[PDB]
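Index from 1, following the sequence. Note: hydrogens, waters and symmetry copies are ignored here, and every other heavy atom, side chains too, is used.
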Amino acid sequence: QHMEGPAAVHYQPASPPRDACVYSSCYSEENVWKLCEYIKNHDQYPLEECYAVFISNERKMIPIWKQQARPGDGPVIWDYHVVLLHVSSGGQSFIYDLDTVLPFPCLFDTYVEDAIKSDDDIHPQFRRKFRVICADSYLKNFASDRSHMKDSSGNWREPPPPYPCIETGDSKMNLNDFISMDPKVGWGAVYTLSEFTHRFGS
């Protein structure tokens with residue numbers, strides 16, 4: 001036997017159940033934005049405990065396992081993917097990924113072990129980096145006009161979410177500044193996988 005040695009065994013989710021959340025396939029940046037908006041308006045948790053997490057790399061090709069789009073043991077290769085991180089006040093982190101087949105929410109270490117996996121044996125151009133943006137800053141600064149989701153004739157590659165584009169007073173499109181993992185660009189902090197797990201893991 002091994003003791004763990006605060007443990008959020010009675011943790012109450014910060015969102016409704018998965019199937020009650022606003023969701024559009026291939027718009028995880030907006031799915032996460034809508035979770036942040038829910039948390040802000042629900043007055044259950046401080047918004048400052050929550051983070052939007054962009055996952056990508058220089059070549060924009062990241063594997064993620066346990067994804068609903070490819071049931072089974074293989075990964076989805078995304079250009080980028082976004083999840084919500086809640087660092088609960090006792091220190092235990094939870095990941096909210098509407099696209100995972102893992103629990104919603106999922107303990108941080110379980111998500112990193114099963115959905116992300118180690119980069120040690122991954123071909124280097126597929127290795128993952130993480131941009132972590134406070135949810136308040138994400139709601140204040142993110143904007144997307146969805147122009148990246150159209151084909152060469154201007155028609156939707158994937159059907160858009162059923163509400164108007166997210167925009168701010170300062171921008172109608174800055175998605176590339178969140179997908180970027182250049183720390184000189186955008187908002188938040190950029191981590192390698194080992195830095196990310198060192199920072200938030202138990």
Side-chain angles (χ1 to χ4, degrees), residues 14-16 18-42 47-64 67-70 75-86 95-100 104-105 115-116 125-191 196:
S15 72
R18 188 199 310 262
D19 295 339
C21 296
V22 173
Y23 169 86
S24 287
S25 172
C26 295
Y27 293 82
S28 65
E29 70 284 345
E30 302 197 21
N31 303 333
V32 167
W33 192 98
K34 286 286 175 169
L35 289 175
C36 290
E37 175 183 53
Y38 179 90
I39 293 169
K40 174 186 168 180
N41 293 335
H42 196 52
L47 195 54
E48 292 71 38
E49 305 184 343
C50 297
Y51 301 85
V53 180
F54 278 73
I55 311 176
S56 188
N57 56 19
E58 170 184 351
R59 297 305 175 171
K60 286 172 56 181
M61 51 184 37
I62 57 173
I64 305 293
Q67 284 277 292
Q68 294 243 357
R70 172 177 164 131
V76 168
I77 296 196
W78 284 118
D79 50 351
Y80 69 95
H81 186 48
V82 192
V83 306
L84 174 84
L85 164 73
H86 180 210
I95 294 287
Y96 292 72
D97 184 1
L98 286 163
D99 280 303
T100 194
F104 181 87
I116 299 303
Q125 295 173 123
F126 291 116
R127 293 180 170 162
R128 279 63 55 85
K129 293 172 163 164
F130 299 81
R131 179 185 289 273
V132 180
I133 313 103
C134 169
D136 186 60
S137 175
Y138 193 57
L139 290 178
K140 278 179 193 148
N141 297 119
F142 179 78
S144 176
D145 68 0
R146 302 169 181 153
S147 53
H148 64 297
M149 290 306 282
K150 293 169 175 176
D151 61 26
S152 59
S153 45
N155 289 293
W156 293 114
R157 252 200 319 114
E158 302 287 342
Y163 52 79
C165 285
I166 297 160
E167 56 179 86
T168 69
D170 301 331
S171 180
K172 293 185 196 338
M173 179 51 147
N174 59 19
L175 176 61
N176 279 343
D177 295 339
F178 291 83
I179 297 167
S180 175
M181 313 266 144
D182 183 348
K184 304 184 304 291
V185 168
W187 291 268
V190 174
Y191 302 93
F196 181 68

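Without hydrogens or angle criteria, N174 side chain to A143 main chain gives a donor-acceptor distance under 3.5 Å. Judged by distance alone, the side chain of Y96 and the main-chain N or O of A14 form a donor-acceptor pair under 3.5 Å. At least one donor-acceptor pair closer than 3.5 Å links the side chain of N57 to the backbone N or O of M61. Using modelled atom types, no side-chain atom of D97 and backbone atom of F104 make a donor-acceptor pair closer than 3.5 Å. With hydrogens and angles ignored, the 3.5 Å screen pairs no side-chain donor or acceptor of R146 with any backbone N or O of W156.
Annotation: side-chain hydrogen bond (donor to acceptor under 3.5 Å, both in side chains) contacts involving residues 125-134, sequence neighbours excluded, comprise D119-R128, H123-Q125.
Remark: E49 CD to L85 CG distance equals 10.5 Å, nearest 0.5 Å. Between the OG atom in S171 and the CG atom in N141 there is a gap of 9.5 Å [rounded to 0.5 Å]. Of the inter-residue distances, the one linking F196 atom CZ with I116 atom CD1 reads 7.5 Å to the nearest 0.5 angstrom. Within the model, atoms CD of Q67 and OG1 of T100 stand 6.0 Å from one another, a figure rounded to the nearest 0.5 Å. If you take CG on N31 and SG on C36, they are separated by 11.0 Å, rounding to the nearest 0.5 Å.
By the neighbour-count criterion of 12 heavy atoms within 6.0 Å, atom CD of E48 is densely surrounded, having more than that number from other residues, nucleotides or ligands.
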List the steps and the verdict of side chain to side chain donor-acceptor pair (under 3.5 Å) for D170 and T168.
CA-CA 5 Å; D170 301 331; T168 69; 5.0 Å; no
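Two residues are said to be in side-chain contact when any heavy atoms from C-beta on lie closer than 4.5 Å; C26 and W78 meet this criterion. Taking the side chain as every heavy atom from C-beta outward, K140 and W187 never approach each other to under 4.5 Å.
Partners of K34 by salt bridge (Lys or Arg N to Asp or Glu O under 4.0 Å), not counting sequence neighbours, listed by chain and number: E37.
Here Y138 and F178 bring their ring centres to under 6.0 angstrom of each other.
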Compile the donor-acceptor pairs under 3.5 Å between side chains in residues 158-167 and protein atoms, sequence neighbours left out, one pair per line.
{"residue": "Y163", "atom": "OH", "partner": "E30", "partner atom": "OE1", "Å": "2.7"}
{"residue": "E167", "atom": "OE2", "partner": "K172", "partner atom": "NZ", "Å": "3.2"}

